[PDB]
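Have a look at work09.cif; it's mmCIF, C-alpha atoms:
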data_target
loop_
_atom_site.label_atom_id
_atom_site.label_comp_id
_atom_site.auth_asym_id
_atom_site.auth_seq_id
_atom_site.Cartn_x
_atom_site.Cartn_y
_atom_site.Cartn_z
CA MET A 1 35.15 -2.86 37.32
CA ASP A 2 36.92 -5.33 35.09
CA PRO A 3 35.73 -5.08 31.42
CA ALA A 4 35.11 -8.86 31.41
CA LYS A 5 32.63 -8.44 34.29
CA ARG A 6 30.50 -5.69 32.71
CA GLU A 7 30.65 -7.24 29.23
CA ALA A 8 29.69 -10.62 30.72
CA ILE A 9 26.60 -9.33 32.51
CA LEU A 10 25.57 -7.29 29.44
CA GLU A 11 26.01 -10.24 27.05
CA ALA A 12 24.18 -12.60 29.41
CA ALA A 13 21.28 -10.13 29.67
CA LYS A 14 21.26 -9.69 25.87
CA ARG A 15 21.29 -13.45 25.30
CA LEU A 16 18.38 -13.84 27.74
CA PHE A 17 16.22 -11.09 26.17
CA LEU A 18 16.63 -12.71 22.75
CA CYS A 19 14.81 -15.79 24.15
CA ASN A 20 12.48 -14.31 26.77
CA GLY A 21 11.16 -10.77 26.80
CA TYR A 22 11.37 -8.20 29.53
CA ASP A 23 8.77 -10.38 31.33
CA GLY A 24 10.35 -13.79 30.72
CA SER A 25 13.96 -12.98 31.70
CA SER A 26 14.76 -12.27 35.36
CA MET A 27 17.74 -10.72 37.16
CA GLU A 28 18.40 -13.91 39.15
CA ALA A 29 18.59 -15.77 35.82
CA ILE A 30 20.95 -13.07 34.46
CA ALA A 31 23.20 -13.60 37.47
CA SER A 32 23.13 -17.38 37.00
CA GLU A 33 23.80 -17.27 33.23
CA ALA A 34 26.55 -14.64 33.65
CA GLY A 35 28.51 -16.56 36.29
CA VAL A 36 28.26 -13.82 38.96
CA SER A 37 26.48 -13.40 42.29
CA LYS A 38 23.03 -11.79 42.42
CA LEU A 39 24.81 -9.24 44.61
CA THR A 40 27.21 -8.08 41.86
CA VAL A 41 24.22 -7.85 39.47
CA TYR A 42 22.26 -5.57 41.84
CA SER A 43 25.59 -3.88 42.77
CA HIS A 44 25.86 -2.40 39.22
CA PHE A 45 22.36 -2.63 37.66
CA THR A 46 19.77 -1.34 40.15
CA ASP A 47 16.66 -3.12 38.64
CA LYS A 48 15.98 -4.81 35.24
CA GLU A 49 14.90 -1.73 33.25
CA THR A 50 18.26 -0.11 34.14
CA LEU A 51 20.10 -3.19 32.87
CA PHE A 52 18.19 -3.34 29.55
CA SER A 53 18.78 0.37 28.96
CA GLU A 54 22.51 0.13 29.79
CA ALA A 55 23.05 -2.75 27.34
CA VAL A 56 21.41 -0.54 24.72
CA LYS A 57 23.85 2.22 25.72
CA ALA A 58 26.78 -0.15 25.18
CA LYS A 59 25.65 -1.30 21.72
CA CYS A 60 25.16 2.33 20.63
CA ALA A 61 28.57 3.45 21.82
CA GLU A 62 30.10 0.44 20.05
CA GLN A 63 28.58 1.22 16.65
CA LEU A 64 28.75 5.03 17.01
CA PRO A 65 31.82 5.87 19.09
CA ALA A 66 32.25 9.32 20.62
CA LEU A 67 35.22 9.90 18.35
CA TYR A 68 32.88 9.89 15.32
CA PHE A 69 31.26 13.07 16.64
CA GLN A 70 34.46 15.20 16.78
CA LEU A 71 34.77 17.79 14.00
CA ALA A 72 38.46 18.63 14.31
CA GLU A 73 39.69 21.87 12.79
CA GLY A 74 39.89 21.37 9.02
CA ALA A 75 38.18 17.97 9.16
CA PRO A 76 36.16 16.88 6.09
CA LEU A 77 32.50 17.27 7.03
CA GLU A 78 31.36 14.91 4.28
CA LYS A 79 33.46 12.02 5.61
CA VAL A 80 32.30 12.60 9.16
CA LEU A 81 28.60 12.65 8.28
CA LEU A 82 29.08 9.59 6.06
CA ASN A 83 30.68 7.60 8.87
CA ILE A 84 27.95 8.55 11.37
CA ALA A 85 25.27 7.61 8.84
CA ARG A 86 26.91 4.25 8.08
CA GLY A 87 27.38 3.43 11.74
CA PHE A 88 23.77 4.35 12.50
CA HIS A 89 22.33 2.33 9.58
CA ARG A 90 24.29 -0.77 10.72
CA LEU A 91 23.18 -0.16 14.32
CA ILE A 92 19.41 0.18 13.73
CA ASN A 93 19.22 -2.65 11.20
CA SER A 94 21.30 -5.16 13.22
CA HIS A 95 19.49 -8.26 14.41
CA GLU A 96 20.01 -7.33 18.05
CA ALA A 97 18.78 -3.74 17.62
CA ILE A 98 15.65 -5.01 15.88
CA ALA A 99 14.92 -7.64 18.53
CA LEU A 100 15.23 -5.17 21.38
CA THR A 101 13.07 -2.61 19.56
CA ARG A 102 10.34 -5.22 19.12
CA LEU A 103 10.51 -6.08 22.83
CA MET A 104 10.29 -2.35 23.59
CA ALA A 105 7.30 -2.09 21.24
CA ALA A 106 5.60 -5.02 22.97
CA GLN A 107 5.25 -2.85 26.11
CA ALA A 108 5.01 0.81 25.03
CA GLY A 109 2.11 2.22 27.09
CA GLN A 110 2.23 -0.56 29.73
CA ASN A 111 5.72 0.10 31.07
CA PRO A 112 6.60 3.80 31.45
CA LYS A 113 9.80 3.19 33.40
CA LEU A 114 11.29 1.04 30.63
CA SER A 115 10.10 3.55 28.01
CA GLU A 116 11.92 6.47 29.61
CA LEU A 117 15.05 4.44 30.35
CA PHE A 118 15.25 2.97 26.83
CA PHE A 119 14.82 6.41 25.29
CA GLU A 120 17.52 8.00 27.46
CA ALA A 121 20.02 5.19 26.76
CA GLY A 122 19.76 4.84 22.98
CA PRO A 123 18.05 7.67 21.08
CA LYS A 124 18.88 10.46 23.52
CA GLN A 125 22.63 9.69 23.58
CA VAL A 126 22.85 9.60 19.79
CA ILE A 127 20.83 12.83 19.37
CA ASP A 128 23.03 14.56 21.97
CA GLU A 129 26.29 13.48 20.29
CA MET A 130 24.90 14.64 16.94
CA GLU A 131 23.62 18.00 18.22
CA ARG A 132 27.14 18.66 19.55
CA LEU A 133 28.67 17.79 16.17
CA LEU A 134 26.14 19.91 14.25
CA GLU A 135 26.79 22.87 16.54
CA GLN A 136 30.51 22.62 15.76
CA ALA A 137 29.60 22.46 12.04
CA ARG A 138 27.44 25.58 12.42
CA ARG A 139 30.33 27.46 14.07
CA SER A 140 32.80 26.51 11.31
CA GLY A 141 30.27 27.98 8.88
CA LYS A 142 29.89 24.71 6.98
CA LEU A 143 26.14 24.21 7.69
CA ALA A 144 23.29 26.54 8.72
CA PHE A 145 20.21 25.76 10.88
CA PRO A 146 18.14 27.63 13.52
CA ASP A 147 18.08 24.53 15.80
CA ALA A 148 20.85 21.89 15.58
CA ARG A 149 18.95 19.37 17.67
CA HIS A 150 16.03 19.35 15.22
CA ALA A 151 18.62 18.92 12.47
CA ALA A 152 20.13 15.92 14.24
CA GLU A 153 16.64 14.39 14.45
CA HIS A 154 15.97 14.99 10.76
CA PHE A 155 19.33 13.42 9.97
CA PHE A 156 18.58 10.24 11.87
CA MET A 157 15.02 9.95 10.59
CA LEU A 158 16.30 10.28 7.01
CA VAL A 159 19.00 7.65 7.59
CA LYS A 160 16.63 5.20 9.33
CA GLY A 161 14.20 5.42 6.38
CA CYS A 162 11.15 3.32 5.46
CA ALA A 163 13.33 0.23 4.95
CA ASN A 164 13.83 -0.03 8.71
CA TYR A 165 10.08 0.28 9.31
CA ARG A 166 9.44 -2.64 6.95
CA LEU A 167 12.23 -4.74 8.48
CA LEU A 168 10.76 -4.01 11.94
CA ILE A 169 7.10 -5.01 11.25
CA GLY A 170 8.07 -8.34 9.64
CA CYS A 171 8.09 -7.44 5.92
CA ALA A 172 11.90 -7.91 5.73
CA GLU A 173 12.44 -7.17 2.01
CA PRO A 174 15.93 -8.71 1.29
CA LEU A 175 18.23 -5.63 1.60
CA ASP A 176 21.59 -5.36 -0.21
CA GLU A 177 24.59 -3.86 1.45
CA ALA A 178 24.75 -2.15 -1.96
CA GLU A 179 21.23 -0.70 -1.54
CA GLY A 180 21.98 0.26 2.07
CA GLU A 181 25.03 2.20 0.97
CA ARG A 182 23.26 4.00 -1.89
CA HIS A 183 20.62 4.97 0.68
CA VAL A 184 23.14 6.41 3.15
CA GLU A 185 25.01 8.41 0.50
CA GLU A 186 21.76 9.76 -0.95
CA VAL A 187 20.68 10.86 2.53
CA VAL A 188 23.95 12.59 3.37
CA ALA A 189 23.79 14.45 0.05
CA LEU A 190 20.18 15.44 0.77
CA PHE A 191 21.12 16.69 4.26
CA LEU A 192 24.06 18.70 2.93
CA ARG A 193 21.82 20.21 0.27
CA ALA A 194 19.07 21.07 2.73
CA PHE A 195 21.45 22.64 5.31
CA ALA A 196 23.99 24.36 3.09
CA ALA A 197 25.35 27.66 4.41
CA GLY A 198 25.23 30.72 2.10
CA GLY A 199 21.70 30.24 0.67
CA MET B 1 -22.75 -0.25 0.32
CA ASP B 2 -25.40 1.40 2.60
CA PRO B 3 -23.49 3.88 4.78
CA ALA B 4 -25.08 3.13 8.16
CA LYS B 5 -24.29 -0.58 7.68
CA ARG B 6 -20.67 0.10 6.65
CA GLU B 7 -20.21 2.54 9.55
CA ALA B 8 -21.58 0.12 12.15
CA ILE B 9 -19.40 -2.69 10.73
CA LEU B 10 -16.21 -0.60 10.78
CA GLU B 11 -16.81 0.86 14.24
CA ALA B 12 -17.47 -2.64 15.55
CA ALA B 13 -14.46 -4.12 13.79
CA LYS B 14 -12.12 -1.43 15.14
CA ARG B 15 -13.46 -1.57 18.70
CA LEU B 16 -13.13 -5.37 18.70
CA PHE B 17 -9.67 -5.34 17.05
CA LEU B 18 -8.68 -3.06 19.93
CA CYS B 19 -10.52 -4.24 23.11
CA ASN B 20 -9.71 -7.86 22.21
CA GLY B 21 -6.95 -8.82 19.84
CA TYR B 22 -7.08 -9.30 16.12
CA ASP B 23 -7.09 -13.04 16.77
CA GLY B 24 -9.78 -12.55 19.43
CA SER B 25 -12.12 -10.77 17.03
CA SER B 26 -14.34 -12.89 14.77
CA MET B 27 -16.52 -12.01 11.82
CA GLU B 28 -19.41 -13.41 13.87
CA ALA B 29 -18.58 -11.09 16.76
CA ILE B 30 -18.15 -8.09 14.43
CA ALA B 31 -21.52 -8.89 12.85
CA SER B 32 -23.33 -9.32 16.13
CA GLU B 33 -21.80 -6.14 17.53
CA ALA B 34 -22.61 -3.98 14.46
CA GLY B 35 -26.26 -5.07 14.52
CA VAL B 36 -26.07 -6.77 11.12
CA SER B 37 -26.16 -10.31 9.78
CA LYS B 38 -23.21 -12.62 9.22
CA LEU B 39 -24.23 -12.73 5.55
CA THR B 40 -24.09 -8.92 5.29
CA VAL B 41 -20.50 -8.89 6.58
CA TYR B 42 -19.36 -11.70 4.30
CA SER B 43 -21.03 -10.01 1.33
CA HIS B 44 -19.01 -6.85 1.78
CA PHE B 45 -15.76 -8.22 3.26
CA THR B 46 -14.64 -11.65 2.13
CA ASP B 47 -12.97 -12.50 5.44
CA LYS B 48 -11.36 -10.88 8.46
CA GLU B 49 -8.16 -10.24 6.47
CA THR B 50 -10.06 -8.14 3.94
CA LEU B 51 -12.04 -6.33 6.64
CA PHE B 52 -8.82 -5.32 8.42
CA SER B 53 -7.33 -4.23 5.07
CA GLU B 54 -10.41 -2.11 4.34
CA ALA B 55 -10.42 -0.48 7.77
CA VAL B 56 -6.81 0.62 7.23
CA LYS B 57 -7.48 1.84 3.66
CA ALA B 58 -10.46 3.69 5.07
CA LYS B 59 -8.61 5.66 7.76
CA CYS B 60 -5.86 6.60 5.27
CA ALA B 61 -8.35 7.92 2.71
CA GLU B 62 -10.16 9.91 5.43
CA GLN B 63 -6.98 11.72 6.58
CA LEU B 64 -5.44 11.75 3.05
CA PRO B 65 -8.10 12.26 0.35
CA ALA B 66 -7.00 11.35 -3.18
CA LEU B 67 -7.84 14.98 -3.98
CA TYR B 68 -4.61 15.93 -2.14
CA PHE B 69 -2.45 14.05 -4.67
CA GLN B 70 -3.44 16.04 -7.75
CA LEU B 71 -1.37 19.04 -8.77
CA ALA B 72 -3.59 21.48 -10.67
CA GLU B 73 -1.81 23.54 -13.32
CA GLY B 74 0.07 26.38 -11.63
CA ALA B 75 -1.37 25.48 -8.20
CA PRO B 76 1.07 26.33 -5.36
CA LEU B 77 3.12 23.29 -4.45
CA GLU B 78 3.77 24.34 -0.87
CA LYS B 79 0.08 24.28 0.13
CA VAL B 80 -0.24 20.87 -1.56
CA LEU B 81 2.75 19.45 0.33
CA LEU B 82 1.56 21.06 3.59
CA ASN B 83 -1.84 19.41 3.22
CA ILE B 84 -0.20 16.04 2.61
CA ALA B 85 2.12 16.49 5.57
CA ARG B 86 -0.66 17.61 7.94
CA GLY B 87 -2.81 14.64 6.98
CA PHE B 88 0.02 12.16 7.35
CA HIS B 89 1.01 13.60 10.73
CA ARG B 90 -2.58 13.15 11.97
CA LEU B 91 -2.82 9.66 10.47
CA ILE B 92 0.34 8.25 12.08
CA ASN B 93 -0.02 9.89 15.52
CA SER B 94 -3.60 8.69 16.17
CA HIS B 95 -4.15 6.21 18.97
CA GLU B 96 -5.37 3.59 16.45
CA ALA B 97 -2.24 4.05 14.31
CA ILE B 98 0.12 4.01 17.33
CA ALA B 99 -1.56 0.91 18.74
CA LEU B 100 -1.40 -0.94 15.44
CA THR B 101 2.20 0.03 14.63
CA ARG B 102 3.23 -1.15 18.10
CA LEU B 103 1.39 -4.44 17.52
CA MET B 104 2.85 -5.08 14.05
CA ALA B 105 6.32 -4.63 15.51
CA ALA B 106 5.66 -6.63 18.65
CA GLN B 107 4.42 -9.69 16.70
CA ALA B 108 6.85 -9.82 13.78
CA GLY B 109 7.86 -13.42 14.54
CA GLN B 110 4.37 -14.64 15.46
CA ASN B 111 2.35 -13.61 12.39
CA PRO B 112 4.08 -11.56 9.68
CA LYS B 113 1.24 -12.39 7.24
CA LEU B 114 -0.82 -9.82 9.17
CA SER B 115 2.09 -7.37 8.89
CA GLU B 116 2.12 -7.75 5.10
CA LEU B 117 -1.62 -7.07 4.93
CA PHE B 118 -1.03 -3.93 6.98
CA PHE B 119 1.86 -2.74 4.86
CA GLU B 120 -0.03 -3.24 1.59
CA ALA B 121 -3.15 -1.45 2.90
CA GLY B 122 -1.58 1.67 4.46
CA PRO B 123 2.10 2.55 3.94
CA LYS B 124 2.33 1.25 0.37
CA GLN B 125 -0.81 3.08 -0.83
CA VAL B 126 0.31 6.36 0.73
CA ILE B 127 3.76 6.08 -0.88
CA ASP B 128 2.11 5.21 -4.22
CA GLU B 129 -0.07 8.35 -4.07
CA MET B 130 2.87 10.52 -2.99
CA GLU B 131 5.13 9.19 -5.72
CA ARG B 132 2.43 10.03 -8.27
CA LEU B 133 2.06 13.58 -6.96
CA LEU B 134 5.84 14.13 -6.80
CA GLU B 135 6.08 12.97 -10.41
CA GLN B 136 3.57 15.70 -11.28
CA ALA B 137 5.75 18.14 -9.32
CA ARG B 138 8.83 17.06 -11.30
CA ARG B 139 6.92 17.62 -14.56
CA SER B 140 5.96 21.14 -13.57
CA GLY B 141 9.72 21.66 -13.16
CA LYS B 142 9.42 22.93 -9.59
CA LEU B 143 11.14 19.95 -7.93
CA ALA B 144 13.92 17.68 -9.12
CA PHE B 145 14.83 14.19 -8.05
CA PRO B 146 16.23 11.02 -9.65
CA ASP B 147 13.54 8.82 -8.01
CA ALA B 148 10.21 10.29 -6.92
CA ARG B 149 9.43 7.17 -4.88
CA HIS B 150 12.60 7.62 -2.80
CA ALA B 151 11.74 11.29 -2.41
CA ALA B 152 8.27 10.32 -1.16
CA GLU B 153 9.79 8.03 1.47
CA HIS B 154 12.09 10.88 2.53
CA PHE B 155 9.11 13.20 2.85
CA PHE B 156 7.21 10.80 5.04
CA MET B 157 10.17 9.95 7.29
CA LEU B 158 10.80 13.66 7.90
CA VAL B 159 7.06 14.17 8.62
CA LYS B 160 6.69 11.37 11.18
CA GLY B 161 9.80 12.59 13.01
CA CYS B 162 11.36 11.99 16.41
CA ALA B 163 8.13 12.92 18.21
CA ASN B 164 6.30 10.07 16.53
CA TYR B 165 9.10 7.70 17.56
CA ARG B 166 8.88 8.93 21.19
CA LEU B 167 5.13 8.35 21.13
CA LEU B 168 5.49 4.83 19.73
CA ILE B 169 7.97 3.76 22.41
CA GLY B 170 5.68 5.09 25.14
CA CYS B 171 7.72 7.94 26.55
CA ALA B 172 6.00 11.13 25.37
CA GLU B 173 2.46 12.26 24.84
CA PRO B 174 1.29 13.34 21.38
CA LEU B 175 2.09 16.86 20.31
CA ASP B 176 -0.73 19.38 20.37
CA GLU B 177 -1.98 20.63 17.02
CA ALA B 178 0.08 23.86 17.06
CA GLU B 179 3.34 22.02 17.83
CA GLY B 180 2.66 19.51 15.05
CA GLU B 181 2.00 22.44 12.74
CA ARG B 182 5.38 23.99 13.57
CA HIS B 183 6.98 20.63 12.85
CA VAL B 184 5.27 20.05 9.49
CA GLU B 185 6.01 23.57 8.30
CA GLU B 186 9.70 23.10 9.07
CA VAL B 187 9.74 19.73 7.32
CA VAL B 188 8.02 20.96 4.15
CA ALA B 189 10.38 23.94 3.99
CA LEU B 190 13.38 21.62 4.29
CA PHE B 191 12.03 19.27 1.61
CA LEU B 192 11.51 22.20 -0.75
CA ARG B 193 15.09 23.32 -0.07
CA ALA B 194 16.47 19.82 -0.64
CA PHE B 195 14.66 19.15 -3.95
CA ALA B 196 14.56 22.64 -5.47
CA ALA B 197 14.77 22.34 -9.24
CA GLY B 198 17.85 24.14 -10.51
CA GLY B 199 19.92 22.95 -7.54
#

Have the structure of the file written as C-alpha cells, please.
Amino acid sequence: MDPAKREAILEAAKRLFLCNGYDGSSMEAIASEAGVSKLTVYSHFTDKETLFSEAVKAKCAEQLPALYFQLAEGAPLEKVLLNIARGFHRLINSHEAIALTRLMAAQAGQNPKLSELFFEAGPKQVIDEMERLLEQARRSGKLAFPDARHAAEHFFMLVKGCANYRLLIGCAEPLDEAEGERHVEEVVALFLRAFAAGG
Amino acid sequence: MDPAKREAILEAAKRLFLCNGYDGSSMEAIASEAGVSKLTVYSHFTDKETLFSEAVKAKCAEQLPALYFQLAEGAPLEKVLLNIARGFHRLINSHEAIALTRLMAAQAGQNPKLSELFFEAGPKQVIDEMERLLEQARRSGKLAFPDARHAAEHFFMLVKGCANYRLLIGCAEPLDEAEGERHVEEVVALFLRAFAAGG
C-alpha cells in the first residue's frame, strides 16, 4: 500500500486513542476520521487490538530504526549503544508513548488479547533487535554474557530508569534534556563496565 | 496502637481499596468493616489519605525490614544486597503492588495527588533506605559510585526487570520463587561487577 494510506490510518487511530481509550475509540470512527472506507480499515487491521499494536510497532521503528542495531565490522560499540539508549529514552518518555502505556495499564488483567499484542509489537521487537546486536558484540569479543537476551533486558531497564516510572504515575518531575543525557551516558558506561570482556 | 485493631483496620482498608475503588472506600466503611468505631479510625489515621499512606509504608516495611539496610562491620555485602533484592522482588510482584501500580498509571490525569501520596509512601522510602545502605557500602570501600542514590535506582530497576513489566501489562504470570531467585542472583552479581571498588 501507499505510505500515505498506512500513515493516515495509524495517525487517525493515534489521534483517537489520545481522546478516547481502547473502549471509547471504534474502528468505524477510525475509518471516518482517516478518510478511508471501513473496508480498507478491516482490509489491513483485522480488529482494534491489532491496529493499536501496529501503531506501537511504527512508533518504535521510527525512534529505533533497524539500522541502529547493525554492528558493522570495526564499528564503535560505544557510539552504537549510545544511539540506541538515546533513541529508547526519547521513545519511552515521549507524550504519545506515555499516553498509550497508561491506556494499556488501564486494562492489564481485563484484556489479554491487547496485552499480548502490545507486548509483541513494542517491547518484543526492541528486545529482539537488541539481542541480535548483543550477540554480534559477543562474537567480536567486545562484550561477554551467558545470555544476550537477558543483557538486552537489563540494558533497557537501566535506560528506562525510575524517572520514567515517576513520569508515568503522574509525578512528572520537570526533566532536563541535560539530566536525560547524563542518565543515558551513565547507563551506557555502567553496562560496558558490567559486561566487559576479559574479566 | 493495639495490634488486633490495627490489623482489622488495615485488612479492611486494603480489601475495600481493592473490591471497590479508592474513591469508593470511605473511612466509615473501613471502620464498619474492621469492627471498630469511626473515632478509633480517625484517632489513628487522620484521613483516608493517611490511611492509604500507612498501608503502603506497612507492606514495604514487612517485605523490607529496616534491619536489611544496616551494614555491620565486615558483614558480607552480597548477602545484604541479596536480601534487599529478594524483598523488593516480592514487594513489587505482589497482586496488591501490581494492582496499585496499574491504577496509579491508569489515572495519572484524573488524580495525580493520589499518585504523589503513593510515591512518597513506597518508592521514595525504599530508595532513601537503599541510598543510606549503599553509602555505608561506599565507606567500607567495597563499592564505588559518584552518587549512591543513582546507584540505588539502578539496583531497583535491574531487580524489577522485564518480568515485572510483563506482569504489569497483563501478558505473563508471576515468576515462581526459584525463577525469581535466579533473576535476583544474576542482578546482584551484575551490580557488584558494575560498582566494584578499584574499577

*Pick the closest to residue 50 (chain A) from A:124, A:182, A:160, A:113: which is it, counting only C-alpha atoms?*
A:113

Evaluate the PyMOL selection byres ((chain A) within 9 of (chain B)) here and jot the selected residues down as a PDB file with C-alpha atoms, in the frame of the given file.
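Result saved to result_26.pdb:
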ATOM      1  CA  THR A 101      13.070  -2.610  19.560  1.00  0.00           C
ATOM      2  CA  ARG A 102      10.340  -5.220  19.120  1.00  0.00           C
ATOM      3  CA  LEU A 103      10.510  -6.080  22.830  1.00  0.00           C
ATOM      4  CA  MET A 104      10.290  -2.350  23.590  1.00  0.00           C
ATOM      5  CA  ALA A 105       7.300  -2.090  21.240  1.00  0.00           C
ATOM      6  CA  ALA A 106       5.600  -5.020  22.970  1.00  0.00           C
ATOM      7  CA  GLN A 107       5.250  -2.850  26.110  1.00  0.00           C
ATOM      8  CA  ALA A 108       5.010   0.810  25.030  1.00  0.00           C
ATOM      9  CA  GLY A 109       2.110   2.220  27.090  1.00  0.00           C
ATOM     10  CA  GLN A 110       2.230  -0.560  29.730  1.00  0.00           C
ATOM     11  CA  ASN A 111       5.720   0.100  31.070  1.00  0.00           C
ATOM     12  CA  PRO A 112       6.600   3.800  31.450  1.00  0.00           C
ATOM     13  CA  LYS A 113       9.800   3.190  33.400  1.00  0.00           C
ATOM     14  CA  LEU A 114      11.290   1.040  30.630  1.00  0.00           C
ATOM     15  CA  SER A 115      10.100   3.550  28.010  1.00  0.00           C
ATOM     16  CA  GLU A 116      11.920   6.470  29.610  1.00  0.00           C
ATOM     17  CA  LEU A 117      15.050   4.440  30.350  1.00  0.00           C
ATOM     18  CA  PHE A 118      15.250   2.970  26.830  1.00  0.00           C
ATOM     19  CA  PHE A 119      14.820   6.410  25.290  1.00  0.00           C
ATOM     20  CA  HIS A 150      16.030  19.350  15.220  1.00  0.00           C
ATOM     21  CA  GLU A 153      16.640  14.390  14.450  1.00  0.00           C
ATOM     22  CA  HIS A 154      15.970  14.990  10.760  1.00  0.00           C
ATOM     23  CA  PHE A 155      19.330  13.420   9.970  1.00  0.00           C
ATOM     24  CA  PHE A 156      18.580  10.240  11.870  1.00  0.00           C
ATOM     25  CA  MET A 157      15.020   9.950  10.590  1.00  0.00           C
ATOM     26  CA  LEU A 158      16.300  10.280   7.010  1.00  0.00           C
ATOM     27  CA  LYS A 160      16.630   5.200   9.330  1.00  0.00           C
ATOM     28  CA  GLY A 161      14.200   5.420   6.380  1.00  0.00           C
ATOM     29  CA  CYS A 162      11.150   3.320   5.460  1.00  0.00           C
ATOM     30  CA  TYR A 165      10.080   0.280   9.310  1.00  0.00           C
ATOM     31  CA  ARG A 166       9.440  -2.640   6.950  1.00  0.00           C
ATOM     32  CA  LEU A 168      10.760  -4.010  11.940  1.00  0.00           C
ATOM     33  CA  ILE A 169       7.100  -5.010  11.250  1.00  0.00           C
ATOM     34  CA  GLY A 170       8.070  -8.340   9.640  1.00  0.00           C
ATOM     35  CA  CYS A 171       8.090  -7.440   5.920  1.00  0.00           C
ATOM     36  CA  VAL A 187      20.680  10.860   2.530  1.00  0.00           C
ATOM     37  CA  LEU A 190      20.180  15.440   0.770  1.00  0.00           C
ATOM     38  CA  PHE A 191      21.120  16.690   4.260  1.00  0.00           C
ATOM     39  CA  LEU A 192      24.060  18.700   2.930  1.00  0.00           C
ATOM     40  CA  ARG A 193      21.820  20.210   0.270  1.00  0.00           C
ATOM     41  CA  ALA A 194      19.070  21.070   2.730  1.00  0.00           C
ATOM     42  CA  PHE A 195      21.450  22.640   5.310  1.00  0.00           C
TER      43      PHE A 195
END

*Which residues fall under the PyMOL selection byres ((chain B and resi 90) around 12) in this file, as a VMD selection string?*
chain B and resid 59 to 60 62 to 64 83 to 89 91 to 98 159 to 160 164 174 to 177 180 to 181 184

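The gap separating CA of residue 17 (chain A) from CA of residue 33 (chain A) is 12.1 Å, in Å to one decimal.
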
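One finds CA of residue 22 (chain A) at 26.3 Å from CA of residue 2 (chain A).
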
_Contacts of residue 72 (chain B) at 12 Å (all atoms listed in the file; same-chain gap of 5+ positions) as a list in words_ = residues 67, 77, 79, 80, 133, 136, 137, 139 and 140 of chain B

*Quick one, how far is CA of residue 144 (chain B) from CA of residue 146 (chain A)?*
25.1 Å

Leaving out region 35-39 of chain B and any residue of its chain fewer than 4 positions from it, which residues lie within 10 Å of it when counting all atoms listed in the file, given as a short mmCIF file (atom, residue, chain, number, x, y, z; two decimals) with C-alpha atoms, keeping the file's coordinate frame?
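selection-v3.cif, freshly written:
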data_model
loop_
_atom_site.label_atom_id
_atom_site.label_comp_id
_atom_site.auth_asym_id
_atom_site.auth_seq_id
_atom_site.Cartn_x
_atom_site.Cartn_y
_atom_site.Cartn_z
CA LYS B 5 -24.29 -0.58 7.68
CA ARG B 6 -20.67 0.10 6.65
CA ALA B 8 -21.58 0.12 12.15
CA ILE B 9 -19.40 -2.69 10.73
CA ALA B 12 -17.47 -2.64 15.55
CA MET B 27 -16.52 -12.01 11.82
CA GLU B 28 -19.41 -13.41 13.87
CA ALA B 29 -18.58 -11.09 16.76
CA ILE B 30 -18.15 -8.09 14.43
CA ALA B 31 -21.52 -8.89 12.85
CA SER B 43 -21.03 -10.01 1.33
CA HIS B 44 -19.01 -6.85 1.78
CA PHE B 45 -15.76 -8.22 3.26
#

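Counting all atoms listed in the file and comparing B:40, B:152, B:142, B:20, the residue that lies closest to residue 128 (chain B) is B:152.
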